[PDB]
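See below for the structure under consideration.
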DNA sequence: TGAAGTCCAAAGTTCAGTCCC
DNA sequence: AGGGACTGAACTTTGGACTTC
Ligand SMILES: [Zn+2]
Ligand SMILES: [Zn+2]
Ligand SMILES: [Zn+2]
Ligand SMILES: [Zn+2]
């Protein structure tokens, strides 16, 4: 099973979508800090294993596209 | 532990070797900008906390000899 | 046990001081 | 004078290892 966000190896369902440990942590931290970030390009950046850290905005957007929900992220 | 490159205090393992923040930073920049340093002397310069900035060629050479890996340096990001 | 959570080593970024073109 | 480059410390983000409900 591959990560629905970046294509890396998936470790199971996280926050509503199958994803790797990276996209898992990235999403949780983003939601808890209520970050939306911003893209400096056309908000259509390539989010794969190698470039996932190049644009937080696009990575986060794809997490939501993949099915992740803020609702699934807990406080603390 | 100490920096395997210059002897200064090590802040942990960096790019594969125990090193300080100075050598950590130096290696990263050297790799990302693919700088081709040269040595004015015999390429046997002593690299310590004191002289580390005297010869970039030898400090980089020491970095690789100490275990730092080019592959461990990631691409710059925002 | 599934899917939340936490921990933390090792990546990354910014920038003041300082000097060269 | 404006443009550019380097160093290393302060501080943040990443993601794999492990823990709780
Ligand atoms: Zn992923
Ligand atoms: Zn983008
Ligand atoms: Zn050092
Ligand atoms: Zn030298």
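Heads up, the Cβs are rebuilt from the backbone with ideal geometry, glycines too, and the neighbour counts pull from every protein chain shown. Taken together, the values in this text are just the output of simple stated rules run on the coordinates, not laboratory data.
Results for (1) closer than 25 Å to residue A:51 by Cα; (2) within 16 Å of ligand 4 (Cβ to nearest atom), shown as yes or no for each residue.
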{"position": "B:3", "(1), (2)": "no, no"}
{"position": "B:16", "(1), (2)": "yes, no"}
{"position": "B:22", "(1), (2)": "no, no"}
{"position": "B:31", "(1), (2)": "yes, no"}
{"position": "B:57", "(1), (2)": "no, yes"}
{"position": "B:60", "(1), (2)": "no, yes"}
{"position": "B:71", "(1), (2)": "yes, no"}
{"position": "B:75", "(1), (2)": "yes, no"}
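Return the total of residues in the stretch B:51-78 being crowded, with 21+ Cβ neighbours inside 10 Å and within 14 Å of chain A (Cβ to nearest Cβ).
0
Only one of (1) within 14 Å of another protein chain (Cβ to nearest Cβ); (2) in contact with a helix residue (DSSP H, G or I) (Cβ under 7 Å, 6 or more places away or on another chain); (3) under 19 Å from residue B:75 (Cα atoms) is not met by residue A:43, so which one is it?
(3)
For (1) away from DNA strand D (no atom under 13 Å from the Cβ); (2) over 16 Å from residue B:78 (Cβ atoms); (3) more than 13 Å from chain B (Cβ to nearest Cβ); (4) surrounded by 13 or more Cβ atoms within 10 Å (Cβ to Cβ), each residue gets a yes or a no:
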{"position": "A:8", "(1), (2), (3), (4)": "no, yes, yes, yes"}
{"position": "A:15", "(1), (2), (3), (4)": "yes, yes, yes, yes"}
{"position": "A:23", "(1), (2), (3), (4)": "no, yes, yes, yes"}
{"position": "A:27", "(1), (2), (3), (4)": "no, yes, yes, yes"}
{"position": "A:30", "(1), (2), (3), (4)": "no, no, yes, yes"}
{"position": "A:39", "(1), (2), (3), (4)": "yes, no, no, yes"}
{"position": "A:49", "(1), (2), (3), (4)": "no, yes, no, yes"}
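Would you confirm whether or not the stretch A:40-48 contains a residue that is on the phi > 0 side of the Ramachandran plot and free of Cβ contacts under 8 Å to residues at least 12 places away in the same chain?
No: the stretch A:40-48 contains no residue that is on the phi > 0 side of the Ramachandran plot and free of Cβ contacts under 8 Å to residues at least 12 places away in the same chain.
Quick test of your reading of the structure: residue A:31 fulfils all but one of (1) within 13 Å of DNA strand C (Cβ to nearest atom); (2) assigned to a loop (DSSP other than H, G, I, E, B); (3) touching a residue at least 12 places away in the same chain (Cβ under 8 Å). Name the failing condition by number.
(2)
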